[PDB]
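Chains as they are written, first to last, in PDB author numbering: chain S, 550 to 609; chain G, 1066 to 1164; chain Z, 2 to 183; chain E, 948 to 1006; chain W, 110 to 216; chain X, 2 to 100; chain U, 82 to 128, 134 to 326; chain R, 7 to 31, 40 to 189.
The beta-carbon is built from N, C-alpha and C at its ideal position, and this holds for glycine as well.
For reference, the structure discussed in these notes is given below.
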Amino acid sequence: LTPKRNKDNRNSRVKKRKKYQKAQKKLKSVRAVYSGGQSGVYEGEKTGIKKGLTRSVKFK
Amino acid sequence: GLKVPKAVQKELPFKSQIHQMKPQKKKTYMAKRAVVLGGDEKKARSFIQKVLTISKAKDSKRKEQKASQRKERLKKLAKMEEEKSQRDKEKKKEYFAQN
Amino acid sequence: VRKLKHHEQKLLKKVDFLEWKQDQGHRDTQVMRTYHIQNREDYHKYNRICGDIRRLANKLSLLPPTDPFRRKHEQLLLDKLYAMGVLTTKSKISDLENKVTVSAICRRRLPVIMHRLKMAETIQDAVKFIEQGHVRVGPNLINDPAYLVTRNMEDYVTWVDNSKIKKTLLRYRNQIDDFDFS
Amino acid sequence: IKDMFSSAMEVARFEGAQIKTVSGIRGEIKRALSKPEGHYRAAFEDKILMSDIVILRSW
Amino acid sequence: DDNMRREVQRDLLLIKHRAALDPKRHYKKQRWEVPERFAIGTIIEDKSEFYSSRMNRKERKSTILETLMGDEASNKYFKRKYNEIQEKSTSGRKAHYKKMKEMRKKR
Amino acid sequence: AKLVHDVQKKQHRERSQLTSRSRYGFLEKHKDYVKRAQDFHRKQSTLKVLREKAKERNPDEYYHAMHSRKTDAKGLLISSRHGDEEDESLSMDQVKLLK
Amino acid sequence: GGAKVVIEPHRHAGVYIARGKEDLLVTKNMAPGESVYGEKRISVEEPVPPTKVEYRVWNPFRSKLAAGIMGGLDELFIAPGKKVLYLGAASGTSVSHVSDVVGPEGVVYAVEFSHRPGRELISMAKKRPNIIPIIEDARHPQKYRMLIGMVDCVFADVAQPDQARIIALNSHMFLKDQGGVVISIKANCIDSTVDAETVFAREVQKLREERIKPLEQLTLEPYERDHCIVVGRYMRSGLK
Amino acid sequence: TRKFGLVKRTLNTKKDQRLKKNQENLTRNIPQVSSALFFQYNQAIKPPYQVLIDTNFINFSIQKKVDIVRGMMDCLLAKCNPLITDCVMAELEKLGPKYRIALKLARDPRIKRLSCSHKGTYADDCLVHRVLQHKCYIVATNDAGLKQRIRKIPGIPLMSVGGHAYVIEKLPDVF
RNA sequence: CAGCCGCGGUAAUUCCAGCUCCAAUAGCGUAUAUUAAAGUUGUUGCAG
Ligand SMILES: [Zn+2]
């Protein structure tokens, strides 16, 4: 009478492979991650430009 | 819809009057005059309508899903705050019982 | 007067041309802007009444709790202040210092009960209508806004007949009878 | 209510019993109707629908 | 002027409702009311690099709306998504109610 | 689930309308009934509010908008279905230009 | 590539956003009809007939200042009437964009030390007349103290470890009080033995030691790894 | 042909801007979480560490007979640079002539020193501001309030005199 | 509050697809006892 368990829990290595992929997909949400620079032609910002938001750390 | 009776709604205050406008039965001149464009313009109209309803239904789906998110975050947040307040009201009684 | 400099804010601080100590926060000005009192000195001829009833309620509290002169006069005062509608109930004599207000004795005025029972829609237009002479309490016309009412006469605040705004609301609801001349 | 009983004697035997629809609307049977035999008059919490089934849980 | 706003009034709606043009694009949440001063302009891709960003002479158009209407994959997606939104929105309203009543009535 | 089995918190499936009683479609169950009942109750609540306002109209009620706004023969409210920034009847020279 | 965008003014004066399905940071073109480093352009027909004026796409992967703008800086001091002293005008890449943001009524002094970039700077400053190219080392501002007077903002895109001394010398000579100091700090080019936050903290401390009050810093992370823009103002009396 | 409802014009305390309480006639700012951080790791700090000291940490160091730089070195097993801000130094000088030993142990050439640029000598405000600006700092402190502030802001390791040597908590590579 | 219990049904059923998520992982819980941390007092706590 066991609960249904996880194929990813059946290997200790694959679980940390797939909770690190989840973590570094969440890291793109909190920060802005340097992906590697300009790939091809500069197409544009592809997601929008906000002219009201300033995401910069003010001093004191 | 809410069908308020005529005997009630004729005896309503001036602020609470119900603005219910009757349908038009006469083929009026401005409606029989006014021109609509065809072909590329009617498919532009169809396209703009499809785009606007897809945008509105996507926004309604997003805000309903956010409502379902934040009611369960409210539930777990209230449980964590109740546990915290229980811990505070026993630690205060500990402090005063020692002092 | 010049939004003074800093060595200026410090050198003289109690200077204030606008609001003095004896203005009491301009409560007379504030409550007559609220309830739209035409002339001056109405506030203070109500405040004298408030001071007189709290003074004689004080000396009715002074007299011993057994004599019928004291108890008859405090129930008589409480019933008269209910009968002019200054109060809303016949409760404790502690309400004769907590609940009597120059505000409430302005609440019993004729334009503000008019705005209260929605005869006008603002107190300014109420004073417009009763300076133009449209309303009446029972038979007689009312010209001045200083006529406050009693608890019986919030039922016969009505316009006069041939008042043409009464005629416009009747022809709005198209119940406009004209055998009754309005 | 139409057919849970075959006779007004049966409904008379079962008067006052609490029934309910499948919607959980509680109810009570009140009196057997005269001419259609197993048909009776019940009163409910509010207006039940034509797509419901009433239930008398017995043992 | 309003005379020119009544010519570019449709692609401003497209830019306002960007977020539901492609099902894979997913912009960041701004509102974007119509700005008070704007200007409609055309991209000059120069004569240096070819074939990559190059939209040819035979397919250059005059609005954003004609490009979106010429896209045939977007037409597939808009027609399909609109039909499923339609049949969700008419799910139980009045044709359902009167066919339920006719179901009651037929027997 | 602290001491509960997953074979214990199973899924009980719900039953359909009887096929003999099938012309009255969809045997409705308790979620359907509460969707019915709270709709009825909110509409009765707003009807009761409007009935109370009709009882407390106070017929000496003058507004300035009861010069422009008017009332049909049965006593209800005429709401002009065109504009309220336009005019329904247009002048003779306007008709000359449009024609 | 032949599509149509709508131009819209940014929060920052003198720079614009072209909204399409991907929106572009965009500046007006001071020399219409040619591109400087191969960026794309937008030609609007603004209303004698209407005139075709045009606009240039500012590429954030080829401009630290554009990476700062579209990461979100609360205040640039590069403004449409100003004077900017560009230090490390390594080619005409960002100096052209700073030049036409600053406009025809303002001046950009483009200081560069190498000579083939200086040749390209002079040939670009022909068609952009509001650029004064100065081929000189910024580590000795006295060698060109005669050519420049009283700038309003300094921008520093130098990539040398004596950056803060260069910025301080040029500010004390040519910047005015409460003027702008925009710095692009590259951690790896200052020093690579410490981490990026240590070198940014040290550079900000060096700026306030040379009495430039920092207002704001931004990491500008999706376009450059381990970079920063520090925006400060030249306080000259009382950082407190 | 006069007007109706005529009043005497008085001043409006709700409206008149000539008086003082009526002298009160958008761009957001969401500061991004630092690129030095993983989720709560602070992956970027590396030895040689640099540690901001405050006054009760110095007092507890002398009360427990720990050297500053040697206690830091055998706590972290790394080379430390300790930093006394001018406000921490101002606080030690304001502590009076009872704390002369602590002041002239903070006067040490091995302890480097920063230059804070603000008014007042509130070291807790200065340490909190300059650590949440930059995330390249260890905070050595023993104030309960400052310890709670620092361990609520993420990615900042906290050092404290405990027992007879220094302890470190939010630094995940100590051994 | 809870719910392996429902009308039928056990060769019957195919069902929230075996409900979802989390952490450790050849290891992982529980009970009891514990150690360390400083708020270390400046008095008076009973019926002497
Ligand atoms: Zn300080």
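Should residue i and residue j be called a contact, given that it needs their Cβ atoms to be closer than 8 Å?
{"i": "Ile152(R)", "j": "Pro171(R)", "result": "yes"}
{"i": "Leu325(U)", "j": "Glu161(U)", "result": "no"}
{"i": "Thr135(R)", "j": "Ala154(R)", "result": "no"}
{"i": "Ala211(U)", "j": "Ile217(U)", "result": "yes"}
{"i": "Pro1070(G)", "j": "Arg58(X)", "result": "no"}
{"i": "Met156(U)", "j": "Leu207(U)", "result": "no"}
{"i": "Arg214(U)", "j": "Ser185(U)", "result": "yes"}
{"i": "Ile220(U)", "j": "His201(U)", "result": "no"}
{"i": "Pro45(R)", "j": "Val606(S)", "result": "yes"}
Is there a Cβ from chain R that is less than 8 Å from the Cβ of residue i?
{"i": "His116(Z)", "result": "no"}
{"i": "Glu307(U)", "result": "yes"}
Can you find a C-beta in chain G that's less than 8 Å from the C-beta of residue i?
{"i": "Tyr64(X)", "result": "yes"}
Would residue i pass as an interface residue toward chain S - the criterion being a Cβ-Cβ separation below 8 Å?
{"i": "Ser129(R)", "result": "no"}
{"i": "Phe53(R)", "result": "yes"}
Could you tell me which chain S residues have their CB closer than 8 Å to the CB of residue i, listed as they occur along the chain?
{"i": "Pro300(U)", "result": "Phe608"}
{"i": "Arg24(R)", "result": "The premise fails here: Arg24(R) is roughly 35 Å from chain S at the closest Cβ pair, so nothing lies under 8 Å."}
{"i": "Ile98(U)", "result": "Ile598 and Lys600"}
With H, G and I counted as helix, E and B as strand and the rest as coil, what does DSSP make of residue i?
{"i": "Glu87(X)", "result": "coil"}
{"i": "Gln25(Z)", "result": "coil"}
{"i": "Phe241(U)", "result": "strand"}
{"i": "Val103(Z)", "result": "helix"}
{"i": "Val13(R)", "result": "coil"}
{"i": "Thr108(U)", "result": "strand"}
{"i": "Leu78(X)", "result": "strand"}
{"i": "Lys85(U)", "result": "strand"}
{"i": "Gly201(W)", "result": "coil"}
Please list the partners that residue i has in chain R, where partner means a Cβ-to-Cβ separation under 7 Å.
{"i": "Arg251(U)", "result": "Near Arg251(U) there are no residues of chain R at all, since even the closest Cβ is about 17 Å away, more than 7 Å."}
{"i": "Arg172(Z)", "result": "By Cβ distance, chain R contributes nothing, its closest Cβ being about 24 Å from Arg172(Z), past 7 Å."}
For residue i, which residues does DSSP report across the bridge?
{"i": "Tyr180(R)", "result": "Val175(R)"}
{"i": "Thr137(U)", "result": "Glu127(U)"}
{"i": "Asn141(Z)", "result": "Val138(Z)"}
{"i": "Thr159(Z)", "result": "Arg137(Z)"}
{"i": "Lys169(U)", "result": "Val193(U)"}
{"i": "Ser270(U)", "result": "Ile315(U)"}
{"i": "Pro300(U)", "result": "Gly318(U)"}
{"i": "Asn95(R)", "result": "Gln64(R)"}
{"i": "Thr7(R)", "result": "For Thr7(R), which the question treats as bridged, DSSP gives no partner whatsoever."}
{"i": "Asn43(R)", "result": "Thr603(S)"}
Under 9 Å Cβ-Cβ, which residues of chain Z neighbour residue i?
{"i": "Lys14(R)", "result": "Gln39, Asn40 and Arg41"}
Within 8 Å of any Cβ in chain U, is that where the Cβ of residue i sits?
{"i": "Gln587(S)", "result": "yes"}
{"i": "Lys595(S)", "result": "yes"}
Taking Cβ-Cβ distances shorter than 7 Å, what residues in chain W pair up with residue i?
{"i": "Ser180(U)", "result": "Simply none; closest approach about 19 Å."}
Can you pull the chain G neighbours of residue i, defined as C-beta to C-beta under 8 Å?
{"i": "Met178(W)", "result": "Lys1108, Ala1109 and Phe1112"}
For chain X, is any of its Cβ atoms less than 8 Å away from the one on residue i?
{"i": "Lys553(S)", "result": "yes"}
{"i": "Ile166(Z)", "result": "yes"}
{"i": "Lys1144(G)", "result": "no"}
Please compile the residues from chain W whose C-beta is within a distance smaller than 9 Å of the C-beta of residue i.
{"i": "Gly119(U)", "result": "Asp155, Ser157 and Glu158"}
For chain W, find out if any of its Cβ atoms is closer than 8 Å to the Cβ of residue i; answer yes or no.
{"i": "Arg14(X)", "result": "no"}
List the residues of chain X whose Cβ lies closer than 7 Å to the Cβ of residue i, in chain order.
{"i": "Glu1076(G)", "result": "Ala55 and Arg58"}
{"i": "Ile972(E)", "result": "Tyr34"}
Taking residue i as the query, report the chain S residues whose CB atoms sit under 7 Å from its CB, ordered along the chain.
{"i": "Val47(R)", "result": "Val579 and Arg580"}
Quick one: which chain U residues come within Cβ less than 7 Å of residue i?
{"i": "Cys150(R)", "result": "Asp281, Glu283, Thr284 and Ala287"}
{"i": "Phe147(W)", "result": "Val87, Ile88 and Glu89"}
Can you pull the chain E neighbours of residue i, defined as C-beta to C-beta under 9 Å?
{"i": "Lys30(X)", "result": "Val969, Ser970 and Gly971"}
Name the chain R residues whose beta carbon is nearer than 8 Å to that of residue i?
{"i": "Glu132(Z)", "result": "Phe10 and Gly11"}
Mind listing the chain W neighbours of residue i? Cutoff is C-beta to C-beta under 8 Å, in chain order.
{"i": "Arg24(X)", "result": "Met212, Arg213, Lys215 and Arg216"}
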